[PDB]
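Quick setup: the structure tokens below cover two forms of a single protein chain, split into structure 1 and structure 2.
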Structure 1
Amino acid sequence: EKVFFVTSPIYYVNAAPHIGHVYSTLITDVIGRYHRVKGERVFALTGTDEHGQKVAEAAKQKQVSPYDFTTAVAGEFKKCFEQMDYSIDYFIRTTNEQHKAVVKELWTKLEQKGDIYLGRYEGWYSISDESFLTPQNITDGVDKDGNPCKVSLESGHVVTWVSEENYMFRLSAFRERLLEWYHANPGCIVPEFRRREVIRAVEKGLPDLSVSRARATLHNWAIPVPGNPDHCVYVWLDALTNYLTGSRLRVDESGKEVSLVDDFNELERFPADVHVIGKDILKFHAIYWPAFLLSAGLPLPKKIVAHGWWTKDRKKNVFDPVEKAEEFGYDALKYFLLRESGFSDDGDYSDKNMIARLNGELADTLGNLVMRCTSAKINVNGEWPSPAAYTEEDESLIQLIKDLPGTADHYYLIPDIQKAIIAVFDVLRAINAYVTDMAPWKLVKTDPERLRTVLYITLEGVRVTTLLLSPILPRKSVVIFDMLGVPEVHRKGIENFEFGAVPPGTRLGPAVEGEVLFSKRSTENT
């Protein structure tokens, strides 16, 4: 097989990192984490998009060199992402000398294949989105001065007219084939309604894309077109190539890049198994990216998943990812974002709701359940008991726990992480209802033979749910497993998705004094 290759979009370094970037990368991170938990080879990629007019003109407005500015902001992105405790394998920068090489090579391939020609683009362009737009996608709006101007219907930013001699990619010639690709691979774009957006857009027709810009326009802050120093490679063709680059970089233990391989196969990563993106950058990944790859005779990605947030921009609920993490907890925060947000963001991100979920699901449902099946009160010998005979209620719960991995697996592979969490927690609420009925606290006295059966199922339930919640709560899953005393070997691998991987007689971990797994926040805000 292959290295499971998951990516996030590489973010413009025009401004400090914020929740949006963190969320996108968090999705990339989780998908990665779950595949490692299945014991697969993983390579999760993230990074910054440093070239372009947008970034150049942000660096100019802060009275600083593009090189110095992008290094600065890039550093802030890395710091942020380190604080968030992702398990990302590499942070790429499009200023990397080796990335530049891949871009020049891809361009040459495109030119050699006959799909790049010298023409003009005369039309609208949004600098903030670095996006060509047709007149149907612009409208009337207000310049930040206050004067009347034209803006993008998509994003809302100011659009400007551009008339330039540019190099043009023959995107038009790839309509028939992109349509074949969407139809033949109906999981390739997720969620389904966005997939239908891409097909209708492409069905309507595709014009040629301008893959270069005049040197001056971009303030010489971009990759030169091979064989034409007066032009620069479109920031987006540059940016997209990051995926091919990352697939070709050998990385040391520091996470520093040490070599660029000649051919993507050497590292067994390309094409991406999943590109995590946001809704604002769909066309670049679903239309251009493959059209480029089809031209160069490279393989197409397997899945693009486009979540409900804007990868860029400040909208809505002011969140500092790190200040909320320090406030409510890191794993708790990540859980909250992944649980509360589905594919259309009808999400309630208020403090009230965060507290309600942390208290509700993380403390009451998961938390209380862990503390019960490890309590000296209930689990008197601090060990995994041997179950006696199973009742029909016993087996009904066992069935749920046995089916959870199959279900959770599918949801992660769509991927729909929200559905995966709900799936797991459905099984947790069930376990709690079982314990409530069985009153194990009473059985300690009455029927110890029975309690063995009840404790074992509860323990195994907790174990398997926690295993499946480990890509969401990576730190707290370790705290859980320590409490249950699960050996390191049983914390990973599809072998341990099975009911009863941990044998009876396994001892629980040391009970720490005044220990709380998820501490309850104050429900009463006023």
Structure 2
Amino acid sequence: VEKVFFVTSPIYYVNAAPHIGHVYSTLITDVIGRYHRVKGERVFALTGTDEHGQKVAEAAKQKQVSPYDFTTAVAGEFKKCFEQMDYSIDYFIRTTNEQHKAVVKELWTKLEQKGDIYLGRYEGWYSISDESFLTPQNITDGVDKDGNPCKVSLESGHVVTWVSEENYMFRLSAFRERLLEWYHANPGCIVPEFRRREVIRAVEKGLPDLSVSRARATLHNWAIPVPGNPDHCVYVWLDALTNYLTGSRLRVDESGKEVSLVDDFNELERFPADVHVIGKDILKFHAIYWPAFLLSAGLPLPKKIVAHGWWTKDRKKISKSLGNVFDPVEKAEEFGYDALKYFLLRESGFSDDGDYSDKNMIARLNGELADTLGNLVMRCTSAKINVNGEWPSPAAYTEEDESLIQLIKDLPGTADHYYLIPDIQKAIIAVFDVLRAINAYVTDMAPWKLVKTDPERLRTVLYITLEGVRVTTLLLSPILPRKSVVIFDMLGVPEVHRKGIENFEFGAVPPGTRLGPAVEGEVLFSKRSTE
């Protein structure tokens, strides 16, 4: 089926300023969206802010401000950050949006009409910081900000608190068998595989019913009212998850403002998500609660949930109070936006908690972006080697020539597979493996010497080198969007060949194509010293 490729990020709590974690998650969403756009697909990428709940209301109280003003201010900060980070997100959703509120009420009514919501009680532990219900097996002893003994979440280390409330309960226990069918029938639906195995293990053990409302006072009346019961508010998580559905139903003008909410999601062809990008910390809400809500409501389920890991800087926790900060905008100005994005995406895969350091960052910038890629682009466009500033016409290919051509021809199918898992690190490694091959070929062929010795040979070497560099760059373009444009300009690749599966094929740019003009002092990636 042909539809809009729908990729999302989590909507982030606005209790504090945006930091690296939100940027990282949103980057992954951006990259996937971008790759499907260069395949020539329709895309809708979604990100946003999670603005209701006790957590946010209480953060607003701490700063001595009204929830409306606090959420608007912090949401403003997320937008500014994401704009500065230079993503290509199609819409930024806020759970305070009035159309979102309408969608939450529609979904609730469906759950109720289906018979999957009843009035009951939650008596148990709750982590406000995580907005998460927890069993006694999931808490332990710890310390609050006073130094006193308290209970904390095993998941997250945050303070937990005992709740005893009459709440509307969702019949999650009734969806065990159906969720297990779903996992088994779609063994790629959760990524990476070991997180998929965790989810099944958890659901195998059995599911309790889930509280989907809270008494209004507990939430400082900062939440969406339960339809038909003004004393209750909708669980912030049921509210939050619903953003994906809301997003799928919004018509958005060229300014990026929501202008209309459609009744039937099919009308816009986005729902359900092809990929939900999340962090490991919020796996249960997306891989258990969400599909259960959807199954109850008769809505289609998402194709993939991909959950990545947490970050560190110099093998330590990131916090201002702890004295270990990683500001993404600061680091992008110091090293470059595309370079920083490359590093975040190259340095760690989802199974790992990665490690930034200025040292390792400089090693990758110098090693991979400058020595491997940048080097290659300058060689194949150099006045010295490419003396006519054009894509030459190749002569006959040797076996060594053909081995390289083969690697290049195979590259898109391989990189495509990795992007679809999705596993962005593996795609980058695949493209750079081919780049390393091209460098070894060039070294082997010594085109600087061929300029004088054998110009007919130089034509073949140069043509393959240019074509390798174009194809690698096209595949790296979701990761280095600005630099890929520079590279293409230097190579003189026409606009039409910069996008589309058609241009994944070897030889899509004809010989005789002129290179772009050169600048006396220009470099794609400039090396950094080692102090």
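Here, residue number means position along structure 1's sequence, counting from 1. What we label the rigid core is the largest C-alpha set whose atoms superpose within 1.5 Å from one form to the other.
With the core superposed, find the residue in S126, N432, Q418, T311 that moves its CA 2 Å or more between structure 1 and structure 2.
It is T311.
After superposing the rigid core, is the C-alpha displacement of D346 2 Å or more between structure 1 and structure 2?
Yes, the C-alpha position differs by at least 2 Å between structure 1 and structure 2.
Taking the rigid core as the frame, how far in Å does the Cα of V30 move between structure 1 and structure 2?
With the cores aligned, its C-alpha sits 0.1 Å away.
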